[PDB]
Structures are given as C-alpha cells and as structure tokens.
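Enquirer:
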Amino acid sequence: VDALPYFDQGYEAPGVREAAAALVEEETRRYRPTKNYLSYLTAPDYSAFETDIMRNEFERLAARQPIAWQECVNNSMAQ
Amino acid sequence: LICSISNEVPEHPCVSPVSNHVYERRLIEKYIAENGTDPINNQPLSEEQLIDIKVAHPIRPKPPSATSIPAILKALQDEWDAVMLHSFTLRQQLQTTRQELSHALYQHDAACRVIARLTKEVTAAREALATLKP
Amino acid sequence: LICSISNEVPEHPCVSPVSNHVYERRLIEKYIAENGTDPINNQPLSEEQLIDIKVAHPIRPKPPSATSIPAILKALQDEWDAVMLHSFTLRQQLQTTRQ
Amino acid sequence: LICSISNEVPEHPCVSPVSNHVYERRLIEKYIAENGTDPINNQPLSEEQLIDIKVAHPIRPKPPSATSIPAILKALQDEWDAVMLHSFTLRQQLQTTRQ
C-alpha cells in the first residue's frame with residue numbers, strides 16, 4: 013500500500029495514464045453507483061434547505077429571466 | 003451601518019470573537035445556535051463568546067455623485083444580480099464538484115482494485131522467482 | 003405609524019427625554035402609572051415627561067407608514083449572507099473533495 | 003409622530019435630554035459627529051444623548067413575500083424628502099413674504 017511518486021522515477025505521468033484509466037474504465041463500465049461522494053455533498057449541497065424566501069425566489073426567477103396637475107411640479111420640484 | 007453579514011443598520015449587532023462584524027440577532031443567534039461558528043469567516047466560535055458592543059464597527063468606501071436612481075436601481079440590480087450570480091455559480095460549482103467527486107471516488111476504488119490485483123500479481127511473480135531457483 | 007401594539011399609534015405621540023420613542027398618552031399613562039419603565043428597553047421614565055403633538059397644535063403630526071425599507075435590507079441581509087455562508091462552507095467542502 | 007430632523011419612519015429614534023423632540027439616530031449621529039450639540043434646543047450634548055429607543059418597529063412587511071421591490075420604499079422616501087424640501091422652500095418664501 014506504499015507507492016511513492018518519487019520511488020519509481022521512470023514511470024509517473026505516462027506510467028499510469030491509459031491502462032490505469034482503462035481498468036478503472038472497466039470497473040466503472042461494470043458498475044458506477046454513487047455513495048461516498050453523493051452522500052458527502054448531499055448534506056451541504058449548494059443552496060437547498062435554507063433557500064431563504066421573498067427576494068430569493070423573485071431573484072431566482074429574475075436570474076433565470078435575463079429580462102396631470104401635480105406630476106409636473108412633483109418630478110420638477112423633486113429634480 | 004457597514005457590515006459583512008448585514009450591510010445595513012442592525013437592530014442588535016453581534017460580532018464573533020474570530021471576526022468582528024455587525025451581525026443580526028437571528029442570523030448569529032440561530033446560525034451559531036445550530037452549529038457554533040463564525041458566519042462571515044467560517045471560523046469556530048461560541049454563542050457566549052460573541053462580542054457585545056453598541057454601534058461599533060468599521061466603515062466602507064463609495065464613489066461620489068450619490069443619487070437616488072443609482073442607489074435604488076443600480077444598487078438593487080447590482081446587488082441582486084451579484085447575489086443571484088453567486089448562488090447560481092455556487093449551485094453549478096457544487097454540482098460539478100459532486101460529479102467530479104463521484105468520478106474521483108470511482109477512480110479511487112477502481113484504481114485501488116487494479117493496484118491490489120497488480121500488487122498481488124507482482125508479489126506472486128516475485129515469490130515464484132524466489133522459489134523457482136531450487 | 004401603523005403597527006401592532008408596541009405603544010405605536012398616531013394619537014398623542016408622547017416621547018420622554020430618556021429613551022426617545024413615539025408612544026401613546028394612554029399606553030404610557032397606564033403602563034408608566036403602574037410601574038415606571040419602558041415597554042422594551044425598560045428605561046426609567048415618569049408621566050410628567052409626556053407631551054402631545056410634536057412642537058405645537060392639537061391632534062398629532064402623523065408620520066408616514068412603515069414600508070420596512072431597512073427591515074427588507076435586514077431580512078435580505080441575513081438571508082443572502084446566510085446563503086453565502088452556507089455556500090462558502092459547501093465551497094470549502096468542495097475544495098476538500100477536490101483535494 | 004413626525005420627527006423634526008427626520009420625518010421618516012424612525013428605526014431607532016433618539017433625542018437629547020434638553021428639549022422635548024423626536025430625533026433620529028442618524029441625524030444625531032452625523033450631526034453630533036460633526037459638532038456635538040442638540041438639534042432642537044441648540045444645547046450641548048454628548049454621545050450618550052442618542053439612544054437605541056426600545057422596541058424599534060415591529061414591521062410586518064419585513065418578509066416581503068416575493069415583492070422584492072425596494073424601489074417603492076426608497077423611491078417613496080426619496081419623494082417624501084424632495085416634497086419636504088419643496089415644502090421647506092415654500093415655507094421660507096411664505097416666511098419672507100410674511101416678513
């Protein structure tokens with residue numbers, strides 16, 4: 013269970029490149045469920061539980077969607 | 003007035019011992035109540051260790067020519083657009099990190115199986131080479 | 003302004019020069035009459051400090067209603083920055099998974 | 003309950019124990035920050051004059067519940083401040099005509 017990257021200098025990057033990912037692609041081709049990674053990233057997620065409210069939902073919909103007698107003296111006096 | 007987790011005028015500002023900033027009563031009390039930590043710095047903190055001060059914090063900068071239209075409109079769409087881009091970017095970043103973490107676990111277990119089989123074959127060939135001379 | 007209890011009502015906006023707030027003559031009269039104190043901060047006050055209107059005239063100078071302009075910045079403050087803190091811890095966990 | 007130096011709905015109204023008036027935390031914070039004094043009575047005061055009040059305000063709209071339009075409250079308060087400035091200039095002109 014002891015393999016140092018500096019132990020064998022002859023093979024490092026080309027040493028395990030194709031064949032290693034070919035056997036790993038054979039096991040992953042056999043089966044590839046998800047346990048430790050999905051269970052580890054499942055609890056914190058990104059934004060899930062809290063989700064806030066109000067401007068969070070309105071700002072999410074705005075994120076998915078990139079899109102007179104007094105009135106003269108009102109805007110005029112305000113200017 | 004100026005705060006990292008508030009950026010407004012708080013009613014009861016609360017600061018963490020690791021990072022001192024004005025925090026809301028429900029955010030620091032509920033967040034630190036569920037899991038003790040600092041909200042802004044993500045540093046370990048306790049509820050009883052929260053600093054108690056009356057209107058005390060640093061300030062921030064701001065350009066000149068402050069008006070109502072840039073504040074309301076520019077600040078509303080800029081802050082809401084930045085928070086939305088940060089939430090969506092964190093969503094895609096956490097999802098892609100979960101998929102890449104799944105592929106990393108598959109390559110870790112499969113690479114461990116190939117390393118175990120190759121190590122057992124190397125030990126078997128080494129033992130056969132050692133016992134093959136007699 | 004317009005709120006629920008909390009000694010808030012546009013009738014005789016009494017303010018005592020101890021803890022400055024907009025109160026009512028009846029609420030501060032009976033509440034301060036039983037025991038002198040503030041409804042929240044529990045600041046010392048008496049009934050003699052109570053006045054009506056603001057600077058003059060009968061009735062009351064009714065202010066505008068409560069639009070919760072700073073309260074929206076407080077709620078969106080803690081909610082936004084809260085999602086940024088949870089997303090920050092999730093980003094640190096994602097960095098550990100990448101490590 | 004209209005404040006003299008604010009007139010906006012106070013979040014944490016403050017007053018100096020000199021004269022009876024409704025002040026604001028920002029008015030006494032910046033005004034007393036530049037030069038220590040009382041706005042209403044022009045009396046000397048210290049940093050202990052401005053208080054936190056007691057209950058602030060119990061604003062129900064604070065969870066806007068999908069409204070997400072701060073431009074209504076900010077634009078309404080800005081329009082009220084501009085109308086207060088126009089009414090102040092009109093009161094100054096009418097005061098000059100009365101004099």
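Chains as they are written, first to last, in the deposited numbering: chain K, 13 to 79, 102 to 113; chain I, 3 to 136; chain J, 3 to 101; chain H, 3 to 101.
In this text, a Cβ means the ideal position worked out from N, Cα and C, and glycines have one as well.
#1: Using Cβ-Cβ distances below 8 Å, what residues of the segment 60-72 of chain I are close to chain H?
#2: Please confirm if the segment 41-58 of chain J is in contact with the segment 76-92 of chain J, defined as three or more CB-CB distances below 8 Å between the two stretches.
#3: Give me the residue from 113(K), 73(K) and 79(K) with the minimum Cα distance to residue 70(I).
#4: Among all the DSSP beta bridges, which residues are the ones paired with residue 17(I)?
#5: Please confirm if residue 13(I) has its CB atom under 8 Å from at least one CB of chain H.
#6: Can you tell me whether residue 30(K) is buried or exposed, with buried defined as 16 or more other CB within 10 angstroms of its CB?
#7: Output yes if chain K places a C-beta closer than 8 Å to the C-beta of residue 84(H); else output no.
#8: Counting only C-beta atoms, is residue 53(I) closer than 8 Å to chain H at any point?
#9: For the alpha helix (DSSP H) containing residue 83(H), name the first residue and the last one.
#10: Select from 52(H), 62(H) and 68(H) the residue whose C-alpha is nearest the C-alpha of residue 69(K).
#11: Determine the closest residue to residue 49(K) out of 108(I), 6(I), 60(I) and 131(I), with distance taken between C-alpha atoms.
#12: Taking only three categories from DSSP, how would you classify residue 33(H)?
#13: In angstroms with no decimal places, state the Cα-to-Cα distance between residue 19(J) and residue 39(J).
#14: Taking residue 25(I) as the reference, which of 57(I), 74(I) and 36(I) has the closest Cα?
#15: Going by DSSP in three states, residue 49(K) sits in which element: helix, strand or coil?
#16: If you measure from the beta carbon of residue 30(J) to each beta carbon in chain H, is any gap under 8 Å?
#17: Strictly under 8 Å for the Cβ-Cβ distance: is residue 19(H) near chain J by that measure?
#18: Please name the residue or residues paired with residue 25(H) in a DSSP beta bridge.
#19: Between the alpha carbons of residue 90(J) and residue 52(J), how many angstroms are there, rounded?
#20: On the three-state DSSP scale, how would you describe residue 114(I)?
#21: Name the residue from 36(J), 15(J) and 87(J) whose alpha carbon lies nearest to the alpha carbon of residue 62(K).
#22: Can you say whether residue 9(I) is buried or exposed, counting buried as having 16 or more other CB atoms within 10 angstroms of its CB?
#23: Determine, using beta carbons only, whether residue 77(H) comes closer than 8 Å to chain I.
#24: Check distances from the C-beta atoms of the segment 30-48 of chain J to those of chain I and list, in chain order, the residues that come in under 8 Å.
#25: Is any beta-carbon of chain J found at less than 8 Å from that of residue 7(H)?
#26: Return the CA-CA distance between residue 14(J) and residue 52(K), expressed in angstroms with no decimal places.
#27: Of all the options 62(J), 60(J), 73(J) and 16(J), which has the alpha carbon lying nearest to the alpha carbon of residue 31(J)?
#28: Can you grab the Cα-Cα spacing for the pair residue 102(I) / residue 73(K), in whole Å?
#29: Near residue 21(J), which residues of its chain fall below 8 Å by C-beta distance, leaving aside the five closest residues on each side in sequence?
#30: Using a 10 Å radius around the Cβ and a threshold of 16 neighbouring Cβ atoms, would you call residue 99(J) buried or exposed?
#31: What's the C-alpha gap between residue 34(H) and residue 12(H)?
#32: Taking Cβ-Cβ distances shorter than 7 Å, what residues in chain A pair up with residue 81(H)?
#33: With distances taken Cα to Cα, identify the nearest neighbour of residue 111(I) among 106(K), 23(K), 64(K) and 33(K).
#34: Going by C-alpha to C-alpha distance, which of 72(J), 37(J) and 65(J) sits closest to residue 4(J)?
#35: Does the Cβ-Cβ distance between residue 55(I) and residue 29(I) come in under 8 Å?
Expert: Straight from the coordinates:
#1: 70
#2: no
#3: Sequence index remark: in the second sequence, residue 70(I) carries index 68 (1-based). Comparing Cα-Cα distances from residue 70(I) to each of 113(K), 73(K) and 79(K), the minimum goes to 113(K).
#4: Translated into positions along the second sequence, residue 17(I) becomes position 15. Paired residue(s): 53(I).
#5: In the second sequence, residue 13(I) corresponds to position 11, counting from 1. Residue 13(I) counts as touching chain H.
#6: Position 18 of the first sequence, counted from the start, is the residue given in the question as residue 30(K). Burial call: exposed.
#7: In the fourth sequence, the residue the question calls residue 84(H) occupies position 82. Yes, residue 84(H) lies at the interface with chain K (some Cβ there is under 8 Å from its Cβ).
#8: Residue mapping note: residue 53(I) aligns to position 51 of the second sequence, counting from 1. No, because no Cβ of chain H sits closer than 8 Å to the Cβ of residue 53(I).
#9: Taking the fourth sequence and counting its residues from 1, one reaches residue 83(H) at position 81. Run containing residue 83(H): 72-100, per the alpha helix (DSSP H) assignment.
#10: The residue labelled residue 69(K) in the question sits at position 57 within the first sequence. Closest option to residue 69(K), Cα to Cα, is 68(H).
#11: As a working mapping, residue 49(K) is identified with position 37 in the first sequence. Residue 49(K) has its Cα closest to that of 108(I), out of 108(I), 6(I), 60(I) and 131(I).
#12: Residue numbering aside, residue 33(H) sits at position 31 when the fourth sequence is read from its first letter. In this structure, residue 33(H) counts as helix in the three-state DSSP scheme.
#13: Walking along the third sequence from the start, residue 19(J) turns up at place 17. Walking along the third sequence from the start, residue 39(J) turns up at place 37. Using only the alpha carbons, I get a separation of about 13 Å.
#14: Along the second sequence, one-based indexing puts residue 25(I) at 23. Answer by Cα proximity: 57(I).
#15: As a working mapping, residue 49(K) is identified with position 37 in the first sequence. Residue 49(K) falls in the helix class under three-state DSSP.
#16: Translated into positions along the third sequence, residue 30(J) becomes position 28. No - not a single Cβ of chain H is within 8 Å of the one on residue 30(J).
#17: Locating residue 19(H) in the fourth sequence gives position 17, counting from the first residue. Yes, because at least one Cβ of chain J sits closer than 8 Å to the Cβ of residue 19(H).
#18: On the fourth sequence, position 23 is the one that residue 25(H) refers to. In the DSSP output, where bridge partners are listed per residue, residue 25(H) has 16(H).
#19: For the purposes of this step, residue 90(J) is taken as the residue at position 88 of the third sequence. For the purposes of this step, residue 52(J) is taken as the residue at position 50 of the third sequence. When rounded, the distance between both Cα atoms is 51 Å.
#20: In the second sequence, the residue the question calls residue 114(I) occupies position 112. Helix, per DSSP.
#21: Position 50 of the first sequence, counted from the start, is the residue given in the question as residue 62(K). Residue 87(J) is the option with its Cα nearest to residue 62(K).
#22: On the second sequence, residue 9(I) is found 7 positions in, with the first residue counted as 1. By the 10 Å Cβ count, residue 9(I) comes out buried.
#23: Taking the first residue of the fourth sequence as position 1, residue 77(H) is located at position 75. For residue 77(H), the answer is yes, since a Cβ of chain I falls inside 8 Å of its Cβ.
#24: none
#25: Within the fourth sequence, the letter at position 5 stands for residue 7(H). No, no contact with chain J.
#26: Stepping through the third sequence from its first residue, residue 14(J) is reached at position 12. Stepping through the first sequence from its first residue, residue 52(K) is reached at position 40. Their backbone Cα atoms lie some 60 Å apart in a straight line.
#27: The residue given as residue 31(J) occupies position 29 in the third sequence. The shortest C-alpha separation from residue 31(J) is found at 16(J).
#28: As a position in the second sequence, residue 102(I) is number 100, starting the count at 1. As a position in the first sequence, residue 73(K) is number 61, starting the count at 1. One C-alpha to the other measures close to 28 Å.
#29: Here the question's residue 21(J) lines up with position 19 in the third sequence. Answer for residue 21(J): 40, 43, 45 and 47, listed in chain order.
#30: Counted from its first residue, the third sequence places residue 99(J) at position 97. Classification for residue 99(J): buried.
#31: Working through the fourth sequence from its first residue, we reach residue 34(H) at position 32. Working through the fourth sequence from its first residue, we reach residue 12(H) at position 10. The straight-line gap from Cα to Cα measures roughly 17 Å.
#32: Absent here is chain A; the protein component of the structure consists of chains K, I, J and H.
#33: Locating residue 111(I) in the second sequence gives position 109, where the first residue counts as 1. Closest option to residue 111(I), Cα to Cα, is 33(K).
#34: The sequence position of residue 4(J) within the third sequence is 2, counting from 1. If we check each option's Cα against that of residue 4(J), 65(J) comes out closest.
#35: Locating residue 55(I) in the second sequence gives position 53, counting from the first residue. Locating residue 29(I) in the second sequence gives position 27, counting from the first residue. In this structure, residue 29(I) does not lie closer than 8 Å to residue 55(I) by Cβ.
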